[PDB]
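Chain naming follows the written order as A, B, C, D and E, and within any one chain the residues start at number 1.
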Amino acid sequence: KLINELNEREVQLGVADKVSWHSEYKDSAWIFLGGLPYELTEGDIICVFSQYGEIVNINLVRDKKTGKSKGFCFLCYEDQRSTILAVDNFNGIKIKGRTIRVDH
Amino acid sequence: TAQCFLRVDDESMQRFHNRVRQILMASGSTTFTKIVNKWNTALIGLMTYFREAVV
Amino acid sequence: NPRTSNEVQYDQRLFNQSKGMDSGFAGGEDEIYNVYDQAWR
Amino acid sequence: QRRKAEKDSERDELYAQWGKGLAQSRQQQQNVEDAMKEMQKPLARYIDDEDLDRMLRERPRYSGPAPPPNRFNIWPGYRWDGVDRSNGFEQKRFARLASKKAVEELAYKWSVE
Amino acid sequence: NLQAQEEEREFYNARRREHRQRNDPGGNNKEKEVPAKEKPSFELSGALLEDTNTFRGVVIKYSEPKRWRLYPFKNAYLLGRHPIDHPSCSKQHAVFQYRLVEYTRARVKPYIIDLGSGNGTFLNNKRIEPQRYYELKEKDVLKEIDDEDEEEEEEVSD
């Protein structure tokens, strides 16, 4: 929720690109999707987030014993600009009634 | 099948001429850069409109 | 469920470039200048 | 312990090279080819051959519909759901940036007066 | 060495995906990209209601050959059992989703598509196999085997 208001202070003030805080990283593909719905699974979140790129490999944290999701996934794309696009875009999204969170 | 020749009508030329005369007469005070604006405006006013027929 | 529409229609990058309405350019006043669309250098 | 420590360590190579951006790495690779062009092509102009064919033409990939424009112009993956799920910040961010271009011009129009 | 790990993974669709993306229940047969109403396609044809192309429906109860009503197709339509389905049908053999009728663009043309209803559906007393759009031509008949009702299609002319 705090993200979207950082993108609004970044757009409103005329940040103009490379000083963007996605340049904070430059080293990292893997993204963090928290607040995910428990019914979701690999193939699903792959099908939704391959929109903005091609996701190479994602490890979704699912509790070892019960074998169900703890509610979040660390994902890895083939492209960084896909990550920048995904954090800056896909965030604040409704899924099954609950708004997911994303960040680097 | 045919050819149409264009020519700029008399009354039009008369209007333009009265427009230049308007620029000279109505400005005794106004700045010299201002007059040139008046000229340019009138002149493109003629040329963009008539174009081919002018030549 | 895809989100579908008839035809395609148009993209976005352009679909909102130039001002709006605005109207021509004054009654046609001499004082205006405005002949050139972009600066010299 | 050689093959095992090379499972974990060569996995450090694998997931290390994978981590960053496999897409990013190839683009970097292309630059390396560019250096090769320099060795033979010190100062190329026009008709020299690469330019020739160059102007002589002017792995599943997703099929259905269209993918909305992405600042960086990336086609979606193979099995992608085929549905736009977004905050719309791209468009609006995309639209707003375009609006500014109109603004610089109508800013100018001001100057002559 | 029967089951190494008890959970593993899926790589499969989620019920909330297909659910949320189609709801009246969740439905099947999301309209294709082409679908457009017939009246506006008669507007691009430049046709007032006099010369316009409107598909009217005709009913005959399969036992007795007329109108319980008459139905326009101009205003796709979901043919189902009755509430979800727009084109409700009192037929007790229709699955909760029986079939669909979508007008598509190939020209504005009518199309019938079976949803894979358990019994099937007969076209001119000749069934069609599931999961493909089948164009309909005027005077064609709908009811897979002998079906409490019948149906016919008519363009508006004369």
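Definition applied: a contact is a pair of C-beta atoms (placed from the backbone, for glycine too) under 8 Å apart; a residue touches a chain by one contact, two chains touch by 3 or more.
Participant: Just the chain pair, please, that has the highest number of C-beta contacts.
Facilitator: The chain pair with the largest number of C-beta contacts is A-D.
Participant: Using mean CA coordinates as chain centres, what's the gap between subunit C and subunit E in Å?
Facilitator: A distance of 44 Å separates the two centres.
Participant: From the mean C-alpha coordinate of subunit A to that of subunit E, what's the distance rounded to whole Å?
Facilitator: Their C-alpha centroids are separated by 39 Å.
Participant: Using CA atom averages as chain centres, what separation in Å is found between subunit B and subunit E?
Facilitator: 68
Participant: Can you pull out the residues of subunit E that are in contact with at least two other chains?
Facilitator: In subunit E, 17, 21, 33 touch at least two other chains.
Participant: Two-or-more-chain contact residues of subunit D, please, as numbers and ranges.
Facilitator: 65, 81, 83-84
Participant: Could you check subunit B for residues that touch two or more other chains and list them?
Facilitator: None at all.
Participant: By the touch definition up top, name every chain pair that qualifies.
Facilitator: A-D, A-E, B-C, C-D, C-E, D-E
Participant: Please output the residues of subunit D touching subunit A within their complex, sorted ascending.
Facilitator: 18-24, 62, 67, 70-72, 74, 76-81, 83-87, 89-90, 93, 96
Participant: What residues on subunit A touch subunit D, complex-wise?
Facilitator: Of all residues in subunit A, those touching subunit D are 4, 7, 11, 27-30, 43, 46-48, 50-57, 76-85, 88-93.
Participant: Inside the complex, what are the residues of subunit C that reach subunit D?
Facilitator: Going through subunit C, the ones touching subunit D are 1-4, 8, 11-14, 16-19, 31-39.
Participant: Show me the residue ranges of subunit E that touch subunit C in the complex, using the header's touch definition.
Facilitator: Subunit E residues touching subunit C: 18, 21-22, 30-36, 105.
Participant: Can you list the residues on subunit D that touch subunit C in the complex?
Facilitator: 64-66, 69, 82-84, 91, 94-95, 98-99, 101-102, 105-106, 108-109, 111-113
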